[PDB]
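**Q** Below is the file my_file-v1.txt, which contains compact mmCIF, C-alpha atoms and all ligand atoms.
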# COMPACT_ATOMS: atom_id res chain seq x y z
CA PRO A 1 -60.38 -44.73 5.78
CA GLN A 2 -60.08 -42.10 3.10
CA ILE A 3 -61.69 -38.85 4.23
CA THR A 4 -62.78 -36.26 1.68
CA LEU A 5 -62.77 -32.67 2.73
CA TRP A 6 -66.09 -31.40 1.44
CA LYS A 7 -67.12 -31.19 5.07
CA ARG A 8 -65.25 -30.94 8.35
CA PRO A 9 -63.29 -34.13 9.08
CA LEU A 10 -64.92 -34.88 12.41
CA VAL A 11 -64.43 -38.16 14.24
CA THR A 12 -65.35 -39.75 17.54
CA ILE A 13 -62.58 -39.94 20.12
CA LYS A 14 -62.42 -41.56 23.55
CA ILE A 15 -60.34 -39.72 26.15
CA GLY A 16 -60.29 -40.02 29.91
CA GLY A 17 -63.24 -42.45 29.61
CA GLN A 18 -65.43 -39.99 27.69
CA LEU A 19 -66.58 -39.91 24.11
CA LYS A 20 -66.08 -36.64 22.30
CA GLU A 21 -66.26 -35.32 18.72
CA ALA A 22 -63.01 -33.90 17.38
CA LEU A 23 -61.56 -32.34 14.23
CA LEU A 24 -58.64 -34.06 12.45
CA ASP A 25 -56.47 -30.98 11.98
CA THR A 26 -53.28 -31.02 9.95
CA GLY A 27 -52.68 -27.31 10.70
CA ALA A 28 -52.48 -27.97 14.47
CA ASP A 29 -49.07 -28.95 15.92
CA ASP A 30 -50.69 -30.07 19.13
CA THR A 31 -53.91 -31.78 20.28
CA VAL A 32 -56.25 -29.41 22.16
CA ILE A 33 -59.36 -30.57 24.00
CA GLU A 34 -62.11 -28.54 25.72
CA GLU A 35 -62.05 -28.33 29.53
CA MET A 36 -62.05 -31.71 31.20
CA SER A 37 -60.17 -33.51 33.96
CA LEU A 38 -57.29 -35.87 33.14
CA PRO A 39 -55.16 -37.94 35.54
CA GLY A 40 -51.63 -37.05 36.58
CA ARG A 41 -49.36 -34.08 36.50
CA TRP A 42 -49.71 -31.12 34.23
CA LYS A 43 -48.05 -27.82 33.58
CA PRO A 44 -49.25 -24.50 32.18
CA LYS A 45 -48.77 -23.53 28.52
CA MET A 46 -49.84 -20.76 26.12
CA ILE A 47 -50.89 -21.76 22.59
CA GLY A 48 -51.91 -19.37 19.84
CA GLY A 49 -54.06 -19.44 16.69
CA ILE A 50 -56.27 -16.92 14.88
CA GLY A 51 -57.60 -14.46 17.36
CA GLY A 52 -54.74 -14.80 19.86
CA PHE A 53 -53.51 -17.15 22.57
CA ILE A 54 -55.21 -19.23 25.21
CA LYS A 55 -53.82 -20.70 28.42
CA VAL A 56 -54.03 -24.49 28.61
CA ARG A 57 -52.95 -27.34 30.88
CA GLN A 58 -50.38 -29.70 29.30
CA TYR A 59 -50.75 -33.39 30.28
CA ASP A 60 -48.20 -35.85 28.94
CA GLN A 61 -48.59 -39.57 28.16
CA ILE A 62 -52.33 -39.57 27.67
CA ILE A 63 -53.96 -42.35 25.71
CA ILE A 64 -56.68 -41.45 23.25
CA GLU A 65 -58.70 -43.63 20.91
CA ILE A 66 -59.18 -41.83 17.57
CA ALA A 67 -61.80 -43.30 15.25
CA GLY A 68 -60.87 -46.74 16.68
CA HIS A 69 -57.12 -46.26 16.68
CA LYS A 70 -55.20 -45.93 19.95
CA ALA A 71 -52.49 -43.33 20.25
CA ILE A 72 -50.53 -41.92 23.18
CA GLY A 73 -49.12 -38.42 23.57
CA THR A 74 -49.48 -34.92 24.96
CA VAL A 75 -52.89 -33.39 25.28
CA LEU A 76 -53.54 -29.72 25.94
CA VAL A 77 -56.73 -28.89 27.86
CA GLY A 78 -58.39 -25.50 27.84
CA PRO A 79 -61.01 -23.16 26.40
CA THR A 80 -60.69 -24.14 22.75
CA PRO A 81 -63.91 -23.66 20.73
CA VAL A 82 -63.47 -27.08 18.99
CA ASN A 83 -61.73 -30.34 20.07
CA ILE A 84 -58.70 -30.66 17.79
CA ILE A 85 -56.55 -33.72 17.03
CA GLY A 86 -53.21 -32.27 15.95
CA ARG A 87 -50.17 -33.72 14.25
CA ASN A 88 -48.63 -35.13 17.47
CA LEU A 89 -51.37 -37.78 17.52
CA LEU A 90 -52.24 -37.86 13.77
CA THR A 91 -48.75 -39.22 13.07
CA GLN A 92 -49.33 -42.09 15.48
CA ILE A 93 -52.38 -43.33 13.63
CA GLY A 94 -50.51 -43.14 10.32
CA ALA A 95 -52.52 -40.23 8.92
CA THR A 96 -51.43 -38.68 5.62
CA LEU A 97 -52.58 -35.95 3.25
CA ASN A 98 -52.87 -37.20 -0.35
CA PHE A 99 -53.40 -35.34 -3.61
CA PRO B 1 -47.96 -36.81 -3.35
CA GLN B 2 -48.42 -38.43 0.04
CA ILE B 3 -47.48 -36.05 2.90
CA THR B 4 -46.81 -37.34 6.35
CA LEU B 5 -47.36 -35.15 9.40
CA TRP B 6 -44.11 -35.45 11.38
CA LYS B 7 -43.38 -31.87 10.25
CA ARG B 8 -45.77 -29.05 9.37
CA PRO B 9 -47.31 -29.76 5.92
CA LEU B 10 -45.90 -26.61 4.33
CA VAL B 11 -46.03 -26.08 0.58
CA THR B 12 -45.24 -23.33 -1.85
CA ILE B 13 -48.17 -21.38 -3.24
CA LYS B 14 -48.28 -18.76 -6.00
CA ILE B 15 -50.71 -15.89 -5.73
CA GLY B 16 -50.50 -12.47 -7.40
CA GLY B 17 -47.34 -13.68 -9.14
CA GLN B 18 -45.68 -14.13 -5.73
CA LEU B 19 -44.38 -17.28 -4.17
CA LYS B 20 -45.30 -17.79 -0.51
CA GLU B 21 -45.25 -20.65 1.98
CA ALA B 22 -48.56 -21.96 3.33
CA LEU B 23 -49.84 -24.70 5.62
CA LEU B 24 -52.22 -27.39 4.33
CA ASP B 25 -54.86 -27.20 7.00
CA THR B 26 -57.72 -29.66 7.24
CA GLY B 27 -58.96 -27.88 10.37
CA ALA B 28 -59.59 -24.66 8.36
CA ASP B 29 -62.86 -24.25 6.51
CA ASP B 30 -61.36 -21.25 4.67
CA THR B 31 -58.01 -20.15 3.18
CA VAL B 32 -56.42 -17.28 5.02
CA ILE B 33 -53.31 -15.42 3.92
CA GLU B 34 -51.20 -12.64 5.35
CA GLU B 35 -51.78 -9.03 4.31
CA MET B 36 -51.15 -8.55 0.61
CA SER B 37 -52.73 -6.77 -2.31
CA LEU B 38 -55.32 -8.61 -4.43
CA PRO B 39 -57.45 -7.46 -7.37
CA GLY B 40 -61.12 -6.58 -7.34
CA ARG B 41 -63.58 -5.79 -4.58
CA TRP B 42 -63.66 -7.45 -1.24
CA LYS B 43 -66.45 -8.26 1.23
CA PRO B 44 -66.24 -8.43 5.06
CA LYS B 45 -65.98 -11.70 6.97
CA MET B 46 -65.47 -12.63 10.60
CA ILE B 47 -63.64 -15.89 11.23
CA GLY B 48 -63.07 -17.68 14.49
CA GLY B 49 -60.04 -19.54 15.72
CA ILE B 50 -58.52 -20.83 18.91
CA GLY B 51 -58.09 -17.39 20.51
CA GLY B 52 -61.21 -15.73 19.24
CA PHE B 53 -62.18 -13.81 16.14
CA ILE B 54 -60.56 -11.63 13.53
CA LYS B 55 -61.93 -9.49 10.74
CA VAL B 56 -60.62 -10.41 7.30
CA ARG B 57 -61.09 -9.25 3.70
CA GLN B 58 -62.88 -11.77 1.52
CA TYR B 59 -61.76 -11.85 -2.15
CA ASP B 60 -63.65 -14.21 -4.39
CA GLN B 61 -62.51 -16.08 -7.54
CA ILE B 62 -58.78 -15.55 -7.01
CA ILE B 63 -56.32 -17.62 -9.02
CA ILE B 64 -53.85 -19.47 -6.80
CA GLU B 65 -51.40 -22.29 -7.42
CA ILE B 66 -50.92 -24.78 -4.54
CA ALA B 67 -48.00 -27.19 -4.65
CA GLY B 68 -48.22 -27.00 -8.42
CA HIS B 69 -52.02 -27.46 -8.59
CA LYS B 70 -54.31 -24.76 -9.92
CA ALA B 71 -57.21 -23.50 -7.89
CA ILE B 72 -59.57 -20.56 -8.34
CA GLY B 73 -61.66 -19.56 -5.32
CA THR B 74 -62.09 -17.49 -2.23
CA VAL B 75 -59.09 -16.12 -0.36
CA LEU B 76 -59.39 -14.33 3.01
CA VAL B 77 -56.71 -11.73 3.79
CA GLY B 78 -55.95 -10.65 7.37
CA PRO B 79 -53.77 -10.93 10.44
CA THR B 80 -53.30 -14.68 10.41
CA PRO B 81 -50.12 -15.98 12.06
CA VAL B 82 -49.34 -18.17 9.03
CA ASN B 83 -50.72 -18.60 5.52
CA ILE B 84 -53.35 -21.36 5.68
CA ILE B 85 -54.86 -23.38 2.83
CA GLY B 86 -58.33 -24.47 3.99
CA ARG B 87 -60.84 -27.02 2.80
CA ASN B 88 -62.35 -24.66 0.19
CA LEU B 89 -59.12 -25.02 -1.89
CA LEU B 90 -57.90 -28.40 -0.61
CA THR B 91 -60.98 -29.89 -2.27
CA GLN B 92 -60.09 -28.16 -5.54
CA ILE B 93 -56.67 -29.81 -5.59
CA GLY B 94 -58.17 -33.18 -4.74
CA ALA B 95 -56.76 -33.62 -1.22
CA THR B 96 -57.92 -36.32 1.10
CA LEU B 97 -56.93 -37.46 4.56
CA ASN B 98 -55.97 -41.11 4.76
CA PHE B 99 -55.16 -43.52 7.60
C1 LIG C 101 -49.87 -25.34 19.55
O1 LIG C 101 -50.81 -26.35 19.13
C2 LIG C 101 -51.85 -25.70 18.51
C3 LIG C 101 -51.68 -24.36 18.16
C4 LIG C 101 -52.70 -23.74 17.44
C5 LIG C 101 -53.87 -24.38 17.06
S1 LIG C 101 -55.12 -23.55 16.16
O2 LIG C 101 -56.43 -24.14 16.56
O3 LIG C 101 -55.03 -22.08 16.46
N1 LIG C 101 -54.93 -23.78 14.54
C6 LIG C 101 -53.61 -23.45 14.04
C7 LIG C 101 -53.61 -22.59 12.77
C8 LIG C 101 -54.61 -21.44 12.81
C9 LIG C 101 -52.19 -22.04 12.55
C10 LIG C 101 -55.48 -24.99 13.95
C11 LIG C 101 -56.54 -24.66 12.90
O4 LIG C 101 -56.85 -25.76 12.05
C12 LIG C 101 -57.83 -24.10 13.51
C13 LIG C 101 -58.61 -25.16 14.31
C14 LIG C 101 -59.91 -24.55 14.87
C15 LIG C 101 -61.14 -24.86 14.29
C16 LIG C 101 -62.32 -24.27 14.73
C17 LIG C 101 -62.32 -23.39 15.82
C18 LIG C 101 -61.09 -23.10 16.41
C19 LIG C 101 -59.90 -23.67 15.95
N2 LIG C 101 -58.69 -23.61 12.43
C20 LIG C 101 -59.00 -22.33 12.20
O5 LIG C 101 -58.57 -21.41 12.91
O6 LIG C 101 -59.84 -22.12 11.14
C21 LIG C 101 -60.27 -20.78 10.92
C22 LIG C 101 -60.11 -20.49 9.43
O7 LIG C 101 -61.20 -21.18 8.80
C23 LIG C 101 -62.28 -21.28 9.71
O8 LIG C 101 -62.65 -22.65 9.92
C24 LIG C 101 -62.52 -22.98 11.29
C25 LIG C 101 -62.42 -21.67 12.05
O9 LIG C 101 -63.75 -21.14 12.28
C26 LIG C 101 -64.26 -21.58 13.54
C27 LIG C 101 -61.81 -20.70 11.03
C28 LIG C 101 -54.05 -25.69 17.50
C29 LIG C 101 -53.01 -26.36 18.15
CL CL C 102 -46.81 -35.90 21.92
CL CL C 103 -44.92 -42.62 8.82
NA NA C 104 -49.04 -37.63 32.40
Take the structure I supplied and represent it as structure tokens, if you would.
Ligand SMILES: COc1ccc(S(=O)(=O)N(CC(C)C)C[C@@H](O)[C@H](Cc2ccccc2)NC(=O)O[C@H]2CO[C@H]3OC[C@H](OC)[C@H]32)cc1
Ligand SMILES: [Cl-]
Ligand SMILES: [Cl-]
Ligand code: NA

**A**
Amino acid sequence: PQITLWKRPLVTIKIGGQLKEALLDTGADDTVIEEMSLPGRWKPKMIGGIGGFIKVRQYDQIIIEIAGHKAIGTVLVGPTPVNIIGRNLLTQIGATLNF
Amino acid sequence: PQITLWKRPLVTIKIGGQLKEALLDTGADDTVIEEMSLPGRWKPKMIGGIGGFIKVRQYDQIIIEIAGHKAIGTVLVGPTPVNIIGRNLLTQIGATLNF
């Protein structure tokens, strides 16, 4: 699709068997999802943004379906105020910025 | 242009006669730039990001060039970790997300 930016670019994602709403976010290096359980090993990480850093759990090799497109990669899980799809998974679905 | 997301989508902007680097950020409702001087009055705004909230200075109707495209609109000034071009000005330069 072609998504205009008059409003937040929100899409439906499926992760760990759950549907969620998430923001397609070109300013995010990494994908960050609100607290949930995911299978396998994880390790602790700090990520920042406006207002400071949060502690998250880093899970690798997680499959997510993003607006119908499957992608695999690292997902960070923690107390983010919004689910964010960052560039690590936007590249895999072939997303580009055009103007 | 068409900008892929394998690297941060950084562009040059021109504001107050100064060149700066900024991130094209579809996850940002608003444009936020590092402390600098701008003309006119400002108004208070609270904005919320991954770590929490910061206070910023809201300047309206500021002239700003983004990757060679002219925009005139609201610019927030405060302690952001990186200069961010949000949807308020991405729409003025005609940006869309495509996959
Ligand atoms: C290391 O990997 C990551 C590191 C950092 C981030 S981030 O969330 O902190 N952020 C990085 C930016 C700030 C350098 C991604 C942003 O797109 C973030 C994504 C975002 C969106 C909403 C809530 C929280 C975070 N957006 C904002 O902080 O937007 C601010 C400014 O405009 C307002 O609109 C939305 C926010 O108002 C709520 C305000 C994500 C992944
Ligand atoms: Cl990854
Ligand atoms: Cl590509
Ligand atoms: Na894993």

**Q** If you count all atoms listed in the file, which residues fall within 8 Å of segment 45-49 of chain A, apart from same-chain ones fewer than 3 positions away, as a PDB file with C-alpha atoms, in the frame of the given file?

**A**
ATOM      1  CA  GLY A  52     -54.740 -14.800  19.860  1.00  0.00           C
ATOM      2  CA  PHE A  53     -53.510 -17.150  22.570  1.00  0.00           C
ATOM      3  CA  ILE A  54     -55.210 -19.230  25.210  1.00  0.00           C
ATOM      4  CA  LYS A  55     -53.820 -20.700  28.420  1.00  0.00           C
ATOM      5  CA  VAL A  56     -54.030 -24.490  28.610  1.00  0.00           C
ATOM      6  CA  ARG A  57     -52.950 -27.340  30.880  1.00  0.00           C
ATOM      7  CA  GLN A  58     -50.380 -29.700  29.300  1.00  0.00           C
TER       8      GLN A  58
ATOM      9  CA  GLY B  49     -60.040 -19.540  15.720  1.00  0.00           C
ATOM     10  CA  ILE B  50     -58.520 -20.830  18.910  1.00  0.00           C
ATOM     11  CA  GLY B  51     -58.090 -17.390  20.510  1.00  0.00           C
ATOM     12  CA  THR B  80     -53.300 -14.680  10.410  1.00  0.00           C
ATOM     13  CA  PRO B  81     -50.120 -15.980  12.060  1.00  0.00           C
TER      14      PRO B  81
END

**Q** Using atom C26 of ligand LIG 101 (chain C) and atom CA of residue 31 of chain B as the two end points, give the distance in Å to one decimal.

**A**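 That distance, rounded to one decimal, is 12.2 Å.
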
**Q** Residues contacting ligand CL 103 (chain C) - anything with an atom at most 7 Å away, using only C-alpha atoms and all ligand atoms - can you give me those as a PyMOL selection string?

**A** (chain A and resi 91+94) or (chain B and resi 4)

**Q** So how many Å separate atom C16 of ligand LIG 101 (chain C) and atom CA of residue 71 of chain A, to one decimal?

**A**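 Taking atom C16 of ligand LIG 101 (chain C) and atom CA of residue 71 of chain A, their separation equals 22.1 Å.
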
**Q** Got a sec to check which residues lie within 12 Å of ligand CL 102 (chain C), using all atoms listed in the file, and send them as a PyMOL selection string?

**A** (chain A and resi 29-32+58-64+71-76+85-92) or (chain B and resi 6)

**Q** Present chain B as a PDB file with C-alpha atoms, keeping the file's coordinate frame, least-squares fitted onto chain A over all of its C-alpha atoms paired in order.

**A**
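Output (part.pdb):
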ATOM      1  CA  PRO B   1     -60.066 -44.753   5.629  1.00  0.00           C
ATOM      2  CA  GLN B   2     -59.884 -41.983   3.056  1.00  0.00           C
ATOM      3  CA  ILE B   3     -61.647 -38.795   4.263  1.00  0.00           C
ATOM      4  CA  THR B   4     -62.629 -36.098   1.859  1.00  0.00           C
ATOM      5  CA  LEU B   5     -62.940 -32.488   2.986  1.00  0.00           C
ATOM      6  CA  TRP B   6     -66.366 -31.389   1.711  1.00  0.00           C
ATOM      7  CA  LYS B   7     -67.494 -31.521   5.362  1.00  0.00           C
ATOM      8  CA  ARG B   8     -65.498 -31.015   8.556  1.00  0.00           C
ATOM      9  CA  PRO B   9     -63.336 -34.133   9.175  1.00  0.00           C
ATOM     10  CA  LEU B  10     -64.982 -34.960  12.499  1.00  0.00           C
ATOM     11  CA  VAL B  11     -64.351 -38.273  14.228  1.00  0.00           C
ATOM     12  CA  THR B  12     -65.194 -39.877  17.515  1.00  0.00           C
ATOM     13  CA  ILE B  13     -62.448 -39.998  20.115  1.00  0.00           C
ATOM     14  CA  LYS B  14     -62.341 -41.767  23.485  1.00  0.00           C
ATOM     15  CA  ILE B  15     -60.496 -40.166  26.357  1.00  0.00           C
ATOM     16  CA  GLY B  16     -61.006 -40.744  30.089  1.00  0.00           C
ATOM     17  CA  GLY B  17     -63.606 -43.368  29.176  1.00  0.00           C
ATOM     18  CA  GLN B  18     -65.685 -40.658  27.467  1.00  0.00           C
ATOM     19  CA  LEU B  19     -66.672 -40.408  23.860  1.00  0.00           C
ATOM     20  CA  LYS B  20     -66.270 -36.960  22.292  1.00  0.00           C
ATOM     21  CA  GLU B  21     -66.236 -35.503  18.792  1.00  0.00           C
ATOM     22  CA  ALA B  22     -63.009 -33.965  17.480  1.00  0.00           C
ATOM     23  CA  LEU B  23     -61.669 -32.389  14.301  1.00  0.00           C
ATOM     24  CA  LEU B  24     -58.701 -33.914  12.449  1.00  0.00           C
ATOM     25  CA  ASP B  25     -56.585 -30.833  12.046  1.00  0.00           C
ATOM     26  CA  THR B  26     -53.429 -30.765   9.966  1.00  0.00           C
ATOM     27  CA  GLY B  27     -53.013 -27.063  10.757  1.00  0.00           C
ATOM     28  CA  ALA B  28     -52.618 -27.848  14.503  1.00  0.00           C
ATOM     29  CA  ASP B  29     -49.212 -28.789  15.842  1.00  0.00           C
ATOM     30  CA  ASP B  30     -50.881 -29.912  19.096  1.00  0.00           C
ATOM     31  CA  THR B  31     -54.089 -31.651  20.251  1.00  0.00           C
ATOM     32  CA  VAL B  32     -56.405 -29.400  22.179  1.00  0.00           C
ATOM     33  CA  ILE B  33     -59.568 -30.499  23.948  1.00  0.00           C
ATOM     34  CA  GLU B  34     -62.310 -28.762  25.868  1.00  0.00           C
ATOM     35  CA  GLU B  35     -62.183 -28.536  29.660  1.00  0.00           C
ATOM     36  CA  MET B  36     -62.291 -31.971  31.244  1.00  0.00           C
ATOM     37  CA  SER B  37     -60.589 -33.842  34.035  1.00  0.00           C
ATOM     38  CA  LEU B  38     -57.427 -35.845  33.274  1.00  0.00           C
ATOM     39  CA  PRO B  39     -55.081 -37.812  35.539  1.00  0.00           C
ATOM     40  CA  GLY B  40     -51.660 -36.778  36.753  1.00  0.00           C
ATOM     41  CA  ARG B  41     -49.833 -33.470  36.865  1.00  0.00           C
ATOM     42  CA  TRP B  42     -50.006 -30.835  34.230  1.00  0.00           C
ATOM     43  CA  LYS B  43     -47.546 -28.209  32.969  1.00  0.00           C
ATOM     44  CA  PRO B  44     -48.327 -24.730  31.544  1.00  0.00           C
ATOM     45  CA  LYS B  45     -48.337 -23.978  27.823  1.00  0.00           C
ATOM     46  CA  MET B  46     -49.252 -20.974  25.716  1.00  0.00           C
ATOM     47  CA  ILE B  47     -50.590 -21.731  22.250  1.00  0.00           C
ATOM     48  CA  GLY B  48     -51.362 -19.341  19.449  1.00  0.00           C
ATOM     49  CA  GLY B  49     -54.195 -19.363  16.974  1.00  0.00           C
ATOM     50  CA  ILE B  50     -55.964 -17.081  14.563  1.00  0.00           C
ATOM     51  CA  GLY B  51     -57.208 -14.648  17.229  1.00  0.00           C
ATOM     52  CA  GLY B  52     -54.247 -14.705  19.539  1.00  0.00           C
ATOM     53  CA  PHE B  53     -53.133 -16.826  22.454  1.00  0.00           C
ATOM     54  CA  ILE B  54     -54.660 -18.937  25.174  1.00  0.00           C
ATOM     55  CA  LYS B  55     -53.242 -20.622  28.238  1.00  0.00           C
ATOM     56  CA  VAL B  56     -53.821 -24.370  28.349  1.00  0.00           C
ATOM     57  CA  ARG B  57     -52.988 -27.286  30.658  1.00  0.00           C
ATOM     58  CA  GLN B  58     -50.482 -29.710  29.191  1.00  0.00           C
ATOM     59  CA  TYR B  59     -50.979 -33.383  30.185  1.00  0.00           C
ATOM     60  CA  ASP B  60     -48.393 -35.794  28.899  1.00  0.00           C
ATOM     61  CA  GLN B  61     -48.694 -39.522  28.041  1.00  0.00           C
ATOM     62  CA  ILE B  62     -52.496 -39.624  27.964  1.00  0.00           C
ATOM     63  CA  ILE B  63     -54.228 -42.615  26.405  1.00  0.00           C
ATOM     64  CA  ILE B  64     -56.675 -41.598  23.679  1.00  0.00           C
ATOM     65  CA  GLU B  65     -58.492 -43.514  20.966  1.00  0.00           C
ATOM     66  CA  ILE B  66     -59.000 -41.670  17.639  1.00  0.00           C
ATOM     67  CA  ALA B  67     -61.423 -43.083  15.095  1.00  0.00           C
ATOM     68  CA  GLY B  68     -60.645 -46.498  16.520  1.00  0.00           C
ATOM     69  CA  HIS B  69     -56.843 -46.025  16.554  1.00  0.00           C
ATOM     70  CA  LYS B  70     -54.854 -45.995  19.770  1.00  0.00           C
ATOM     71  CA  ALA B  71     -52.562 -43.138  20.609  1.00  0.00           C
ATOM     72  CA  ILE B  72     -50.683 -42.201  23.773  1.00  0.00           C
ATOM     73  CA  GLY B  73     -49.292 -38.663  23.958  1.00  0.00           C
ATOM     74  CA  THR B  74     -49.706 -35.076  24.947  1.00  0.00           C
ATOM     75  CA  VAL B  75     -53.150 -33.530  25.303  1.00  0.00           C
ATOM     76  CA  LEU B  76     -53.688 -29.791  25.924  1.00  0.00           C
ATOM     77  CA  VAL B  77     -56.853 -28.830  27.825  1.00  0.00           C
ATOM     78  CA  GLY B  78     -58.337 -25.322  27.596  1.00  0.00           C
ATOM     79  CA  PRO B  79     -60.898 -22.984  26.101  1.00  0.00           C
ATOM     80  CA  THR B  80     -60.726 -24.228  22.536  1.00  0.00           C
ATOM     81  CA  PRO B  81     -63.865 -23.721  20.435  1.00  0.00           C
ATOM     82  CA  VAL B  82     -63.781 -27.359  19.276  1.00  0.00           C
ATOM     83  CA  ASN B  83     -61.812 -30.482  20.160  1.00  0.00           C
ATOM     84  CA  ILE B  84     -58.818 -30.625  17.799  1.00  0.00           C
ATOM     85  CA  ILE B  85     -56.562 -33.580  16.989  1.00  0.00           C
ATOM     86  CA  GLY B  86     -53.186 -32.122  15.963  1.00  0.00           C
ATOM     87  CA  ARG B  87     -50.131 -33.485  14.225  1.00  0.00           C
ATOM     88  CA  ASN B  88     -48.642 -34.909  17.452  1.00  0.00           C
ATOM     89  CA  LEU B  89     -51.397 -37.610  17.440  1.00  0.00           C
ATOM     90  CA  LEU B  90     -52.224 -37.673  13.717  1.00  0.00           C
ATOM     91  CA  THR B  91     -48.716 -39.043  13.188  1.00  0.00           C
ATOM     92  CA  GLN B  92     -49.354 -41.756  15.779  1.00  0.00           C
ATOM     93  CA  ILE B  93     -52.400 -42.988  13.875  1.00  0.00           C
ATOM     94  CA  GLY B  94     -50.513 -42.898  10.594  1.00  0.00           C
ATOM     95  CA  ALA B  95     -52.368 -40.032   8.886  1.00  0.00           C
ATOM     96  CA  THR B  96     -51.156 -38.441   5.722  1.00  0.00           C
ATOM     97  CA  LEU B  97     -52.476 -35.755   3.420  1.00  0.00           C
ATOM     98  CA  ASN B  98     -52.835 -36.853  -0.178  1.00  0.00           C
ATOM     99  CA  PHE B  99     -53.670 -35.089  -3.452  1.00  0.00           C
TER     100      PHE B  99
END

**Q** Do a neighbour search on residue 99 of chain B at 12 Å with only C-alpha atoms, toss out local chain neighbours closer than 6 positions, and write the hits as a compact mmCIF listing (two decimals) with C-alpha atoms, keeping the file's coordinate frame.

**A**
# COMPACT_ATOMS: atom_id res chain seq x y z
CA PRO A 1 -60.38 -44.73 5.78
CA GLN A 2 -60.08 -42.10 3.10
CA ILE A 3 -61.69 -38.85 4.23
CA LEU A 24 -58.64 -34.06 12.45
CA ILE A 66 -59.18 -41.83 17.57
CA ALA A 67 -61.80 -43.30 15.25
CA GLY A 68 -60.87 -46.74 16.68
CA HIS A 69 -57.12 -46.26 16.68
CA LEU A 90 -52.24 -37.86 13.77
CA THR A 91 -48.75 -39.22 13.07
CA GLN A 92 -49.33 -42.09 15.48
CA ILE A 93 -52.38 -43.33 13.63
CA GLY A 94 -50.51 -43.14 10.32
CA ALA A 95 -52.52 -40.23 8.92
CA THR A 96 -51.43 -38.68 5.62
CA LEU A 97 -52.58 -35.95 3.25
CA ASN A 98 -52.87 -37.20 -0.35
CA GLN B 2 -48.42 -38.43 0.04
CA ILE B 3 -47.48 -36.05 2.90
CA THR B 4 -46.81 -37.34 6.35
CA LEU B 5 -47.36 -35.15 9.40

**Q** Could you work out how far atom CA of residue 18 of chain B lies from atom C20 of ligand LIG 101 (chain C), giving the answer in Å with one decimal?

**A** 23.8 Å

**Q** Some atoms are missing, so please complete segment 42-52 of chain B with N, CA, C and O atoms and return it as an mmCIF file, in the coordinates of the input.

**A**
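File produced: rebuild.cif:
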data_model
loop_
_atom_site.group_PDB
_atom_site.id
_atom_site.type_symbol
_atom_site.label_atom_id
_atom_site.label_comp_id
_atom_site.auth_asym_id
_atom_site.auth_seq_id
_atom_site.Cartn_x
_atom_site.Cartn_y
_atom_site.Cartn_z
ATOM 1 N N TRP B 42 -63.549 -6.446 -2.286
ATOM 2 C CA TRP B 42 -63.660 -7.450 -1.240
ATOM 3 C C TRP B 42 -64.919 -7.215 -0.410
ATOM 4 O O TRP B 42 -65.515 -6.122 -0.506
ATOM 5 N N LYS B 43 -65.278 -8.223 0.370
ATOM 6 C CA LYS B 43 -66.450 -8.260 1.230
ATOM 7 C C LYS B 43 -65.992 -8.580 2.666
ATOM 8 O O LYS B 43 -64.950 -9.220 2.827
ATOM 9 N N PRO B 44 -66.712 -8.153 3.692
ATOM 10 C CA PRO B 44 -66.240 -8.430 5.060
ATOM 11 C C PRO B 44 -66.571 -9.849 5.501
ATOM 12 O O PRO B 44 -67.548 -10.460 5.114
ATOM 13 N N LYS B 45 -65.732 -10.420 6.359
ATOM 14 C CA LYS B 45 -65.980 -11.700 6.970
ATOM 15 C C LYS B 45 -65.318 -11.724 8.333
ATOM 16 O O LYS B 45 -64.213 -11.191 8.537
ATOM 17 N N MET B 46 -65.988 -12.361 9.259
ATOM 18 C CA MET B 46 -65.470 -12.630 10.600
ATOM 19 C C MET B 46 -65.177 -14.116 10.667
ATOM 20 O O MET B 46 -66.036 -14.903 10.302
ATOM 21 N N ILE B 47 -63.964 -14.467 11.117
ATOM 22 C CA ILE B 47 -63.640 -15.890 11.230
ATOM 23 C C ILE B 47 -63.094 -16.102 12.622
ATOM 24 O O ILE B 47 -62.503 -15.191 13.192
ATOM 25 N N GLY B 48 -63.318 -17.300 13.135
ATOM 26 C CA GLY B 48 -63.070 -17.680 14.490
ATOM 27 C C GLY B 48 -62.034 -18.739 14.700
ATOM 28 O O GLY B 48 -62.052 -19.806 14.092
ATOM 29 N N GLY B 49 -61.059 -18.501 15.577
ATOM 30 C CA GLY B 49 -60.040 -19.540 15.720
ATOM 31 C C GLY B 49 -59.840 -19.802 17.192
ATOM 32 O O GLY B 49 -60.701 -19.521 18.036
ATOM 33 N N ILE B 50 -58.691 -20.351 17.544
ATOM 34 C CA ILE B 50 -58.520 -20.830 18.910
ATOM 35 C C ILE B 50 -58.627 -19.683 19.898
ATOM 36 O O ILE B 50 -59.161 -19.878 20.996
ATOM 37 N N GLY B 51 -58.170 -18.481 19.548
ATOM 38 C CA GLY B 51 -58.090 -17.390 20.510
ATOM 39 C C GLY B 51 -59.295 -16.471 20.519
ATOM 40 O O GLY B 51 -59.494 -15.638 21.408
ATOM 41 N N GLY B 52 -60.116 -16.639 19.491
ATOM 42 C CA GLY B 52 -61.210 -15.730 19.240
ATOM 43 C C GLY B 52 -61.311 -15.412 17.751
ATOM 44 O O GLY B 52 -60.946 -16.244 16.918
#
